[PDB]
RNA sequence: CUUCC
RNA sequence: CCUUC
Ligand SMILES: Nc1ncnc2c1ncn2[C@@H]1O[C@H](COP(=O)(O)OP(=O)(O)OP(=O)(O)O)C[C@H]1O
Ligand SMILES: [Ca+2]
Ligand SMILES: [Ca+2]
């Protein structure tokens, strides 16, 4: 029947006694893949080649094969697994390449002072050029795909201060899973390079397409459409950026990561730019009260070290007095469950946690290590991130924050480069490193 | 007539606030695979709302036929989520599960060596355990135990991060010995046997700190009593305030479960989302 | 396991 | 075969 037909028209041969039963399932997937014009594709990667990859060592008849060459392995692949594997990927091209990729081809300096200043208060511490081409694609992307891809990180600030030295166009997108598969092929084709796409068990919803030699091409974070909305999004240049305010809160939350302080005692200027480009945004946007004078900041944080859980007194700001900042996600989760709460607000890889307010109290998990100024003494640069974190929530929920943030900022203006006594050992996140080998035909998560 | 106004269904067992003496005198189609579709859509949904479910491997032991499971699979796939689905069961699985690259189908039965194997195999991917192990008419406490005994082993072995374990206290009058089951919230199941005391033991793990709760017959009485109350008095009530097409307690209950489920597609009110899910769900098993 | 915006 | 349903 019409079924066996499709399997041979696809297998470029007769299906074995078994092969039938297996693929039998992959109906239209396999059928569609076939009665799908390859040519048009062959020319679309071409039409792209010259635009973001004009500078490549490839030819029209050379590339053309690759494309076909791939849609031709059904006939040589005899491993039901590898077979199933190449079919799921051929299908990604088939339905999304057009929609997701093909479409493509159709004042501040002021705070430079404060930047250095707030930065200093702290300071107490101790990649293949395809990067380029891609960084050229991504630009158009954010433009085309406003609502299915939002950006941040280094890049973004350069869109508010073209005087910002960035390296990676960082993003959050509702389809990252596809987005990378596609691009993967894009590069795998035009380049002729055998890339790899991996998921890093550590980061939540994270897949970075690296290079044939581990040359970080570009990484991405996936987020529910749900979350995609609540994110403080901003418009400028027909692309959405993560509202710089928010982006500055993580800024603060980042620096509670010792690791990143052994990074501060390095590029004191690197951050010195992104920094003020932010202090500048808000100050101008929400007229941030910038006078060293600032009360009720860095709420008294109490780190029970036996439970590996902090205790912040947001009181002077939000209905809830305490905010139990957990340091063992897997714990918070169970206890949360114990709280019989099943509607905790999760904002995926954004806040890197799920905030909860059972009985007028806030429970949360801090994705970083905690800084100590002394034994049991929570170094201040901690109450820095600790706060922000909360605020992030406040922001993804739209609540009385402006006040606190402005307040928080002022507390950063010129301060003791306080010694760092110790720091917490961030909970290990489990999971095997999964990857996709377009080339070796291996899919694993 | 036999109605009621509630604030929320009894989600977990610790929440039933009354008892009733079990009296042995003791409603859909394809409802079996439904009771499950929810408890599972629910369990994993949380694991996702808390992250755990991220790129992890769900090891479903006691799955088959497991028709529903497909649904679940399609749900999360459609959600961008990444998960390997390992279904092990001596009996076979609803063919609608073959050909799935994201699903492995073991046609074997579990024991000591076996877990030690798959564990080694799967490691270090984080594991999510879903046991629905069985053993006609209704399992004798003799079996109930051996099963639970076995479930407590999977746990210790596959050392999972979270687990949804079958859990129905062994009838008092038929009690044998005590035992421990892992700590964890116990969710009541919607569209479940008129008078069942089954409930999934949802439990998330600490790491090097496993926890079990000693089970006693006194404990067992509480169940029959409380549970029976639920099945006879609670479920058979009508939530007159609940603004939903169907108003039976269960539909009300089923609501509160889905309310927490995730779904990208944009939706107006929640009733909007839930309702759709429900629809789509019943759709799948094919129930009017 | 290491592999971490 | 220039964005494949
Ligand atoms: N601990 C954290 N938790 C959640 N998000 C974080 C954390 N630390 C940093 N981030 C986010 O990562 C974003 C950018 O990563 P990063 O590369 O380190 O700085 P950048 O501005 O992108 O400069 P470059 O990308 O190195 O050129 C900025 C911040 O919102
Ligand atoms: Ca970055
Ligand atoms: Ca990055």
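Start at 1 and count along the chain as shown; that gives each residue its number.
The header says X-ray crystallography, 3.2 Å.
Placement of Cβ uses the backbone N, Cα and C atoms for every residue, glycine included.
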Swiss-Prot annotation, Ca(2+) 2 site containing A:168, A:170 - matching residue among A:214, A:219, A:226: A:219
Sequence-ordered recorded positions from A:168, A:170, A:219 with Cβ under 6 Å of an atom of ligand 2: A:168, A:170
In three-state DSSP terms, the structure that residue A:219 (Ca(2+) 2 binding site) belongs to: strand
Cβ-centroid neighbours of Ca(2+) 2 site A:168, A:170, A:219, 8 Å, sequence order: A:153, A:169, A:171, A:208, A:218, A:220
Residues satisfying Cβ distance under 8 Å from residue A:170 (active site), sequence separation of at least 6: A:151, A:152, A:153, A:154, A:155, A:156, A:219
Straight-line CA separation, residue A:126 and residue A:127, 11 intervening residues not modelled, Å: 26
Anchor-to-anchor CA distance, Å, residue A:106 and residue A:107 (intervening 12 residues not built): 35
Nonlocal residues around residue A:168 (active site), in sequence order (Cβ under 8 Å, 6 or more apart): A:131, A:135, A:153, A:154, A:155, A:218, A:219
Number of other Cβ atoms within 10 Å of the Cβ of residue A:219 (Ca(2+) 2 binding site) across all protein chains: 19
